[PDB]
């Protein structure tokens, strides 16, 4: 298909950045449609590592035009910082990056609010990434957020900014008993890069429409993971945007009917960072093994990721919500050596009922128990392997079982962090 979507089928950190960087060899555009710099997408080319946050993953390819869609909450500070680091490494970001005027702006006070709220929650904190993602999303819907377009008239901007900030500072000092964020500073800081941002504005939705009518290959790059979805995830332990496929259309402006292929990045074992339900979570040796071997640490916050077995019940919620066309099994190599490996095929509800469907809000996952099928592991090394033939039978079996339980084919398989340690059985762009 011409328009392919790459998203997280679990709780993020499945390996979107790599897969996007890999497949954008043929793409004209790469589009981020939701999230902000809470994302940490790691690319590894010939050993050289790049972890992107707000900047799309096609940025390392000069043939591709990277676009930040209206769904993304954009931090001018974050953007500039990332932009500088990439430029110093020879990537001419401004020549390859374009953005929407409809993107809400993430400014200093958003981070304060986030911190304030996170503290207020005490023991029942979300475990947010410390940026002002949710607050930025609130303002937007609240009809008071600033957008990139606003930066086009600086006096008007100042007016709008003083208001919203008076509003925010009031609740920050009086209600939260936290320190106020200075207006003049935010204005000065923001006005310093206004022009650079502004220079990259394009009418994203009209562009994608044009790209489409020409048959250009477009890739949409997801952020976070399905179970982190504001509507469908483990509310309130979620991120404030739609991480499910529906966000491509809302967050980019492309008509829903133009999504040709939805690729689901599936990790091979599960990780979760932040508070929230995690049925298959492991606190024993293997959990630890999974964390070490998989170097499972937040590509953004650096905190250790919770690990557990692959949850087929949870993944199947993902298959239907995102109308998955296919899977990309990642981190297979991380299982090398395990005597046996298991996967959750059902949930035991606190009232004795056996179920193969997931609860929705967090509270409803409370005493849920996983029911596993158990498979033999493999001692052979699958790292870097790029041909099914090099995979041991247990592995091939494990793969097949996943396809059986889900009813979705694994079209791509990743055996390592480098762009090339991968096998593409079926290319989304040809499907």
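Numbering follows the first chain given and starts at 1.
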(request) Using the B-factors recorded in the PDB entry, average over the C-alpha atoms of 171-179 and of 328-336, then report which stretch comes out higher. (result) 171-179
(request) Between 307-315 and 150-158, point out the one with the higher average CA B-factor as the PDB entry records it. (result) 150-158
(request) Return the residue from 281, 209, 285, 203 that has the highest Cα B-factor in the entry. (result) 285
(message) Between 266, 120, 218, 273, which one tops the list for Cα B-factor in this entry?
(response) 120
(request) For residue 403, return the chain-relative third of its C-alpha B-factor as stated in the PDB record: lowest, middle or highest. (result) middle
(request) Report the third (lowest, middle or highest) to which the CA temperature factor of residue 184 belongs, ranking only the modelled residues of the same chain. (result) highest
(request) Please rank the C-alpha B-factors of the chain's modelled residues and tell me whether residue 375 sits in the lowest, middle or highest third. (result) highest
(request) Ordered by C-alpha B-factor within the chain, which third holds residue 65? Give me lowest, middle or highest, please. (result) middle
(message) Considering every modelled residue of the chain and its Cα B-factor in the PDB entry, is residue 33 in the lowest, middle or highest third?
(response) lowest
